[PDB]
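Protein chains: 2
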Amino acid sequence: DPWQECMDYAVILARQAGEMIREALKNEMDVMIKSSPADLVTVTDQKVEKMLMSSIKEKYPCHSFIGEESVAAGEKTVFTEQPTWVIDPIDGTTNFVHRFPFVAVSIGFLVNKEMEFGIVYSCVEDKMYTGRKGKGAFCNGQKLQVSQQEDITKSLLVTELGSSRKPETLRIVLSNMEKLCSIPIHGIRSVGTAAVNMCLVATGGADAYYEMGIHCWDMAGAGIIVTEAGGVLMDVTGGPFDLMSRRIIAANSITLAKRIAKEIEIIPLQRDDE
Amino acid sequence: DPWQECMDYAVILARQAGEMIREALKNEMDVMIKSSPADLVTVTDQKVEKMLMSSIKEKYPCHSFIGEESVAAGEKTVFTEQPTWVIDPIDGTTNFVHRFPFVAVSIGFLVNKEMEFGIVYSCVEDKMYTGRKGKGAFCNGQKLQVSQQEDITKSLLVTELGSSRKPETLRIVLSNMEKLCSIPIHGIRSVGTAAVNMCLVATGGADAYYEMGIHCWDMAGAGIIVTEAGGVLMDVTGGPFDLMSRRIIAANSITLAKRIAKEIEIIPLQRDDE
Ligand SMILES: [Mg+2]
Ligand SMILES: [Mg+2]
Ligand SMILES: [Mg+2]
Ligand SMILES: [Mg+2]
Ligand SMILES: [Mg+2]
Ligand SMILES: [Mg+2]
Numbered sequence: 003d004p005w006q007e008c009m010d011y012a013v014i015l016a017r018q019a020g021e022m023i024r025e026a027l028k029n030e031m032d033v034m035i036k037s038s039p040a041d042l043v044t045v046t047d048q049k050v051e052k053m054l055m056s057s058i059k060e061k062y063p064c065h066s067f068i069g070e071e072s073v074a075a076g077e078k079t080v081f082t083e084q085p086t087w088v089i090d091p092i093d094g095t096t097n098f099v100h101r102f103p104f105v106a107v108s109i110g111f112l113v114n115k116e117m118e119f120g121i122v123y124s125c126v127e128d129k130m131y132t133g134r135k136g137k138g139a140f141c142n143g144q145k146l147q148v149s150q151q152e153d154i155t156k157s158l159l160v161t162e163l164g165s166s167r168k169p170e171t172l173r174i175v176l177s178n179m180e181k182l183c184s185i186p187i188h189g190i191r192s193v194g195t196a197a198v199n200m201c202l203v204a205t206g207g208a209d210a211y212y213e214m215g216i217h218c219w220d221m222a223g224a225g226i227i228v229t230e231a232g233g234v235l236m237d238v239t240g241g242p243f244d245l246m247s248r249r250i251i252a253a254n255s256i257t258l259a260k261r262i263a264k265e266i267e268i269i270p271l272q273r274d275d276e
Numbered sequence: 003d004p005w006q007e008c009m010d011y012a013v014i015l016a017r018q019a020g021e022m023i024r025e026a027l028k029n030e031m032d033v034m035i036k037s038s039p040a041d042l043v044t045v046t047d048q049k050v051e052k053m054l055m056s057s058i059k060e061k062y063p064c065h066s067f068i069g070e071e072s073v074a075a076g077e078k079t080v081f082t083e084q085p086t087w088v089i090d091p092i093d094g095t096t097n098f099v100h101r102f103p104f105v106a107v108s109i110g111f112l113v114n115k116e117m118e119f120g121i122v123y124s125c126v127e128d129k130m131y132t133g134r135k136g137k138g139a140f141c142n143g144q145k146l147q148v149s150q151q152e153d154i155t156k157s158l159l160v161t162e163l164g165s166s167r168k169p170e171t172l173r174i175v176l177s178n179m180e181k182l183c184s185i186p187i188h189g190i191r192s193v194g195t196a197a198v199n200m201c202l203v204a205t206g207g208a209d210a211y212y213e214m215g216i217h218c219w220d221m222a223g224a225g226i227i228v229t230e231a232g233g234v235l236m237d238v239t240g241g242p243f244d245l246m247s248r249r250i251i252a253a254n255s256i257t258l259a260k261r262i263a264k265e266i267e268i269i270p271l272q273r274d275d276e
């Protein structure tokens, strides 16, 4: 009702951003590093974020904004109940730099710290994923539904190794994969983008996604797409989902989400709001 | 060009197989296990192989045939100089059972024990990959070229955890991923199919692919696609590529392939010809 016009505008912006990404893919890139040698950024990430943030500020000046590259530039995240846009200009910068065909624009929109709508545009494959509270989840006009698989022994999981090259984090990430593989499970997949990995849970192609070390902007868009497809969001502890906690289990069911949580050793991480 | 009419027929068959797969995806499946609880097979794998084997035998009765499900039924692999069709009716059965959108039909054609042509049809995304000796590599008519990245530190790799749930094998698989991640590299991806992972190297989306435990039918199709895109095939030791060895490094260059090989601890495996 008051937010549908925001969602309609956000889809138009996601498409403009996808055109910018696809155009930069045709050209040579200057690749910069951020927190680690595997944490990449390009001028495209910065240019896309500047376009999105300027476009939303002009149309909705009283709204709040949280963006991956704005935080990298020094802007401090202060999460409120306020209408908030949580942007990831290029989710999958490593994929983008390499031309690995899964690169997304993620636009999340929160009211009362709860997800209202989310847009995840997988721009190379031209797949527009959308979710809106009580309105359903879609991919290019196709309504989405999570899988029915509650048995972990017959489960297919999506995850990422992460950008961290810190020895102890890498050890915990790999040990958690080993614990899950040993249950046993049917397998683990990685397309290289948190948002697209979560959208694969929403379509029912994967049963669950889990990750530690991601940020609010990686999951704000896809989070509502999973829940509107019939899925659940949970903290890796089994506790209620926390957007600023850097941790998530996005699953088809509570049963599977709780089962995954029992296998995960937590990585110590600085919160997005600390 | 006698091998061109075979290649034209192989494309038509791969499309027919793709249709049988996409149709089976709409229905409920009875899932069976083979070597481990994560080594899956369905009636579709068997029905697709029967259609492929029958269709080639009718058109090319003098030709030899090796197929995944035929070997599982007890047919012994005797690799000769004869024109041989090497079939993987559904490459990515775990993906197929789960509706994870990367499921391929792989058809490899060899003459004088050398890859002539290869077809890899990623049927859910409708991506037809082809390669033919001295004729180039294509995806839906678009000519393919491997990446220029020889520096491992700026490399994006593709691999799979494998179907084995044996603790020691899983430990070696994960220990190799840890060694590679620690170099450091840009990252690791897993779409859940050897043939599609190999095709991502051919497009230049990934810089290299490595795996142990796969079979001749997993790589006969995609092998010639990688080399026709300008890439290299090598053993996981650095040694010459051997189709029956159950091991591969499919890379953009010898430099990168040799570098990955230095990091890999071998898993003991029974050859496809033993
Ligand atoms: Mg980003
Ligand atoms: Mg991201
Ligand atoms: Mg980033
Ligand atoms: Mg199989
Ligand atoms: Mg197969
Ligand atoms: Mg296979």
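Same order as they appear, the protein sequences are chains B and A. When we follow the authors' numbering, the leftmost residue of the first sequence carries the number 3, and every step to the right adds one. When we follow the authors' numbering, the leftmost residue of the second sequence carries the number 3, and every step to the right adds one. All C-beta atoms in this analysis are idealised placements derived from N, C-alpha and C, irrespective of residue type, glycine included.
(1) Would you grab the beta carbon distance between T205/A and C141/A for me? Rounded to a whole angstrom, and I think it's under 8 Å.
(2) Just to confirm my understanding: we take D275/B, look at its own chain, exclude 5 residues before and 5 after, and list those with CB closer than 8 Å. What are they?
(3) Got a sec: is the Cβ-Cβ distance from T96/A to anything in chain B below 8 Å?
(4) Among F98/B, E127/B, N29/B and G110/B, whose alpha-carbon lies nearest the alpha-carbon of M55/B?
(5) Please name the residue in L271/B, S166/B, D244/B and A12/B whose C-alpha comes closest to that of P91/B.
(6) Give the DSSP-derived three-state secondary structure of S124/B in the structure shown.
(7) Please name the residue in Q48/B, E30/B and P270/B whose C-alpha comes closest to that of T171/B.
(8) Checking 8 Å against the spacing of the C-beta atoms, do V107/A and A222/A come in under that value?
(9) For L158/A, go through chain B and note every residue whose CB falls closer than 7 Å to its CB, in chain order.
(10) What residue range does the alpha helix (DSSP H) around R17/A cover?
(11) Can you confirm whether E213/A, when its beta carbon is compared against all beta carbons of chain B, has any partner nearer than 8 Å?
(12) Is the shortest distance between the beta-carbon of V148/A and the beta-carbons of chain B less than 8 Å?
(13) In this structure, does DSSP put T257/B in helix, strand or coil?
(14) Determine whether the beta carbon atoms of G194/B and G232/A lie at a separation below 8 Å.
(15) Rounded to the nearest angstrom, how far is the Cβ of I268/A from that of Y212/A, given a contact under 8 Å?
(16) Taking 8 Å as the CB-CB cut-off, is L27/A touching chain B?
(17) Just to confirm the assignment: which complete beta strand (DSSP E) runs, minimum length 3, are found wholly within the stretch 155-206 of chain A?
(18) For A259/B, which residues from the same chain have a beta carbon less than 6 Å from its beta carbon, with the 5 sequence-adjacent residues on both sides left out?
(19) What three-state label does DSSP hand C141/B in the structure shown?
(20) Between the stretch 117-133 of chain A and the stretch 178-186 of chain A, do at least 3 Cβ pairs fall closer than 8 Å?
(21) Can you tell me which residues fall inside 6 Å of ligand 1, judged by beta-carbon distance to its nearest heavy atom, and keep chain order?
(22) Any idea what DSSP makes of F98/B, helix, strand or coil?
(23) Let me check one thing: in DSSP terms, what residues is residue 278/B bridge-paired to?
(24) Do the stretch 21-33 of chain A and the stretch 45-62 of chain A touch if we need at least three Cβ pairs shorter than 8 Å?
(25) For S255/A, which residues of its own chain have a beta-carbon under 6 Å away from its beta-carbon, when the five flanking residues on both sides are left out?
(26) Are there 16 or more other CB atoms within 10 angstroms of the CB of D93/B, so buried, or fewer, so exposed?
(27) Do you know offhand how far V73/B's Cα is from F243/B's?
(28) Within a Cβ cutoff of 6 Å, which residues of the same chain sit near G133/B, ignoring the five residues on either side of it in sequence?
(29) Against chain A, does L258/B count as a neighbour if the rule is that its beta carbon must be under 8 Å from one of theirs?
(30) So with CB distances below 9 Å, who are the chain B contacts of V107/A?
(31) May I ask you to check if the CB of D32/A is nearer than 7 Å to at least one heavy atom of ligand 4?
(32) Is the Cβ of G206/A closer than 8 Å to any Cβ of chain B?
(33) Is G136/B buried or exposed, if buried means 16 or more other CB atoms sit within 10 Å of its CB?
(34) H217/A to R248/A, Cα distance in whole Å?
(35) Between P270/A and chain B, is there a C-beta pair that is closer than 8 Å?
(36) In its own chain, which residues sit with a C-beta less than 7 Å from the C-beta of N178/A, not counting the 5 before and 5 after it?
Checking against the coordinates, here is how it stands:
(1) 6 Å
(2) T79, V80, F81 and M246
(3) yes
(4) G110/B
(5) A12/B
(6) strand
(7) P270/B
(8) no
(9) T96, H100 and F102
(10) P4 to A26
(11) no
(12) no
(13) helix
(14) no
(15) Not a contact, Cβ separation roughly 12 Å.
(16) no
(17) 158-160 and 189-191
(18) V234, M236, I251 and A253
(19) strand
(20) no
(21) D47/B, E70/B, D90/B, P91/B, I92/B, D93/B and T95/B
(22) helix
(23) Beyond the ends of chain B as shown, which are 3 and 276, falls residue 278/B; an answer cannot be given.
(24) yes
(25) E152
(26) buried
(27) 22 Å
(28) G120, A139, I226, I227 and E230
(29) no
(30) The contacting residues do not exist; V107/A stays about 19 Å from chain B at best.
(31) no
(32) yes
(33) exposed
(34) 5 Å
(35) no
(36) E265, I266 and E267
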